[PDB]
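*Asks:* Below is one structure. I have some questions about it.
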Amino acid sequence: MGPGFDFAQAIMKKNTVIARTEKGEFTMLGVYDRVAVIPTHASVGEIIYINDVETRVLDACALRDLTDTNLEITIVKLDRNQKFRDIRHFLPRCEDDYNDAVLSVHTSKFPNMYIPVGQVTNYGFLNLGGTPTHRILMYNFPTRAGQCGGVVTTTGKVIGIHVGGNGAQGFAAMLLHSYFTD
């Protein structure tokens, strides 16, 4: 409908796949080469389905900060025959607050879904499903089961992936440029 939705659509149309694990179907953001991200609660194993194709997992790393606290981001390298468009230049370098974000989801359940979530707070610490978690972004939208892995964007920046909610607020794990240096 406007420039926020434009940037979000551009990311969804080229940099997402549908990932299926034993724990469900997730929006999965491809960042560069064969490297993607997914919430750690997806429990990625040795094999994952990518757009309903059986795919070997070459590497999976559940990120933690240097306090050894959960960040809820798993970086996956996929044995796929095709590279993602490199979007690392759209990743923030530092922790920050944002105005006017969009949460975008693409699964069998919720195809072509875009949600204007408004102001995004650098929330920091969250007890996420009983797990102490750092680098959490918060938005005041009643997000639902099926939106985990959703991409959070502003115009020109990919800032996070949706990892949970409490019925009134939604929570995303930050993406930082420093996670994807190679």
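In the structure tokens, each chain is lettered A, B, ... as it comes, each chain's residues begin at 1, and ligands are numbered from 1 in order of appearance.
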For residue 52 (chain A), list every protein, DNA or RNA residue within 9 Å, evaluated using only C-alpha atoms, and leave out those in the same chain fewer than 4 positions away; present the list as an NGL selection string.

*Replies:* :A and (18-20)

*Asks:* Please list as an MDAnalysis selection string every residue within 9 Å of residue 96 (chain A), counting only C-alpha atoms and excluding residues in the same chain fewer than 2 positions away.

*Replies:* chainID A and resid 92 94 98 120:122 137

*Asks:* Would you put the residues from that selection into a file with N, CA, C and O atoms, as a PDB file, in the first residue's frame?

*Replies:*
ATOM      1  N   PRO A  92      21.086  -4.045  10.095  1.00  0.00           N
ATOM      2  CA  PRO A  92      21.643  -3.071  11.036  1.00  0.00           C
ATOM      3  C   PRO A  92      22.964  -3.545  11.627  1.00  0.00           C
ATOM      4  O   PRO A  92      23.199  -4.744  11.777  1.00  0.00           O
ATOM      5  N   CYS A  94      23.986  -2.196  14.686  1.00  0.00           N
ATOM      6  CA  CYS A  94      23.859  -2.084  16.161  1.00  0.00           C
ATOM      7  C   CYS A  94      22.418  -2.320  16.616  1.00  0.00           C
ATOM      8  O   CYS A  94      21.506  -2.275  15.771  1.00  0.00           O
ATOM      9  N   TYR A  98      13.079   1.383  16.361  1.00  0.00           N
ATOM     10  CA  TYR A  98      12.675   1.680  14.968  1.00  0.00           C
ATOM     11  C   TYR A  98      11.273   2.266  14.954  1.00  0.00           C
ATOM     12  O   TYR A  98      10.435   1.893  15.753  1.00  0.00           O
ATOM     13  N   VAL A 120       8.762  -0.095  17.023  1.00  0.00           N
ATOM     14  CA  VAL A 120       9.519  -1.272  17.538  1.00  0.00           C
ATOM     15  C   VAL A 120      10.489  -0.811  18.639  1.00  0.00           C
ATOM     16  O   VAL A 120      11.375   0.047  18.347  1.00  0.00           O
ATOM     17  N   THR A 121      10.335  -1.366  19.847  1.00  0.00           N
ATOM     18  CA  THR A 121      11.169  -1.049  21.024  1.00  0.00           C
ATOM     19  C   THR A 121      12.341  -2.044  21.119  1.00  0.00           C
ATOM     20  O   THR A 121      12.119  -3.241  20.898  1.00  0.00           O
ATOM     21  N   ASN A 122      13.536  -1.541  21.389  1.00  0.00           N
ATOM     22  CA  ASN A 122      14.657  -2.396  21.847  1.00  0.00           C
ATOM     23  C   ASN A 122      14.312  -2.815  23.270  1.00  0.00           C
ATOM     24  O   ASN A 122      14.586  -2.045  24.199  1.00  0.00           O
ATOM     25  N   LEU A 137      13.318  -7.418  20.235  1.00  0.00           N
ATOM     26  CA  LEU A 137      12.518  -6.276  19.746  1.00  0.00           C
ATOM     27  C   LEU A 137      11.058  -6.549  20.100  1.00  0.00           C
ATOM     28  O   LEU A 137      10.592  -7.684  19.978  1.00  0.00           O
TER      29      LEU A 137
END

*Asks:* Choose the residue, out of A:103, A:87, A:12, A:60, that has the smallest atom-to-atom separation from residue 46 (chain A); count only C-alpha atoms.

*Replies:*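 Closest residue, counting only C-alpha atoms: A:60.
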
*Asks:* Of the candidates A:174, A:156, A:141, A:21, which one gets nearest to residue 97 (chain A) if we count only C-alpha atoms?

*Replies:*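 Looking only at the distances to residue 97 (chain A), the closest residue turns out to be A:174.
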
*Asks:* When DSSP is applied to the backbone of this structure, which of region 8-168 of chain A are assigned helix (DSSP H, G or I)? Write them out as a PyMOL selection string.

*Replies:* chain A and resi 8-15+40-42+88-90

*Asks:* Got a sec: who's within 12 Å of residue 175 (chain A), counting only C-alpha atoms, leaving out chain neighbours fewer than 3 positions off, as a PyMOL selection string?

*Replies:* chain A and resi 29+31+36-39+63+71-75+87-96+134-137+149+151-153+157-162+172+178-180

*Asks:* Output as a PyMOL selection string all residues of region 41-146 of chain A that backbone DSSP marks as strand (DSSP E or B).

*Replies:* chain A and resi 47-50+53-64+70-78+84+98-105+113-128+131-139

*Asks:* Suppose you want the space between CA of residue 138 (chain A) and CA of residue 67 (chain A); what is it in Å?

*Replies:*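 One can read the CA of residue 138 (chain A) to CA of residue 67 (chain A) distance as 21.2 Å.
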